[PDB]
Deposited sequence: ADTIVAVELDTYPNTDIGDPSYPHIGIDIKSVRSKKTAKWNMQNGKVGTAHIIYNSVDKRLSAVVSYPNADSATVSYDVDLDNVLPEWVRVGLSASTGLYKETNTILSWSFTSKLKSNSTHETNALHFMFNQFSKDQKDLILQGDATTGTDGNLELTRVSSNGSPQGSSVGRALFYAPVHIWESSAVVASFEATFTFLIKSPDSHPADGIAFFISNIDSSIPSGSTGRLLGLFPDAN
């Protein structure tokens, strides 16, 4: 029912549902099967940084994932977002674990959105660097929690710090985002998040996604594991 446009940071190869046989970064339009993929050297217990860029003039959604003293992964896909998405949207961060487990910790999250009309510019900008327990400007869904160490824990984490299996969680910004109207000439957004993925066992599973969805968006049933908390099925 819900329209999903996602930038995907994928840690587990799910070759059964069209993933490549390595950890990867993907662009998702209405489907878990990514429209474009790039090879991604995932680093266990290291702080990574993701940048997401789109504008309506380029008609391209672009993504870059970097680790310090390490490789950088880059993905781009030609997509017209006001053609795909409704007038008003909600932006968020989503994560999942399956059988294999990982921490899906967000250390910081910033987002800027701009909409230019025919005749100065309309803008929204938010910045999180510390997350509060009483965080009224976020819609927490599923197993997602804020407050421990000043961080957003999207998947379930025990008292000691070890990741829990079969978890799903999303955090969405409270205010709806304006991506198009009839008067619009230019539309753009920039998204930035720093993340920590650590796993005790050999294979970490599934990962984190930045997503754009319609205002009334909720976690689909059984979207744990490979479906990343975004899609009800693997179509």
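J.: Wait, which stretches of the deposited chain are just not there in the structure?
T.: Just one stretch lacks coordinates - namely 120-121.
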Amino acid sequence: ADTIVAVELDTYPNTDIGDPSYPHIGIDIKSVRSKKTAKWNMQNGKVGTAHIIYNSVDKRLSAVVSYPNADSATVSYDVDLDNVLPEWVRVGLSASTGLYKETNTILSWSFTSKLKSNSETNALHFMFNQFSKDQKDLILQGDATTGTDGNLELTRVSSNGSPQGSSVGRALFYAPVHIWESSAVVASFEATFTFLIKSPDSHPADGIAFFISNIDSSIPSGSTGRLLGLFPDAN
From here on, numbers count along this sequence of modelled residues.
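J.: Quick one: higher average CA temperature factor, 94-102 or 157-165?
T.: For C-alpha atoms only, the mean B-factor is higher in 157-165.
J.: Averaging only over Cα atoms, indicate whether 145-153 or 108-116 has the higher B-factor in the PDB entry.
T.: Result of the comparison: 145-153.
J.: If you compare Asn55, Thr37, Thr192, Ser202, which has the highest Cα B-factor in the entry?
T.: That would be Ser202.
J.: Taking the C-alpha B-factors as the PDB entry records them, is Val7 in the lowest, middle or highest third of its chain?
T.: Its C-alpha B-factor belongs to the lowest third of this chain's values.
J.: Give the position of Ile25 by CA B-factor within its chain, expressed as the lowest, middle or highest third.
T.: It falls in the bottom third of the chain.
J.: Among all modelled residues of this chain, ranked by Cα B factor, put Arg33 in the bottom, middle or top third, i.e. lowest, middle or highest.
T.: Ranked within chain, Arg33 CA B lands in the middle tercile.
J.: Considering every modelled residue of the chain and its Cα B-factor in the PDB entry, is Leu172 in the lowest, middle or highest third?
T.: Lowest third, going by the recorded CA B-factors of the chain.
J.: Is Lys198 in the lowest, middle or highest third of its chain when residues are ranked by C-alpha B-factor?
T.: CA B-factor rank for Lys198: highest third.
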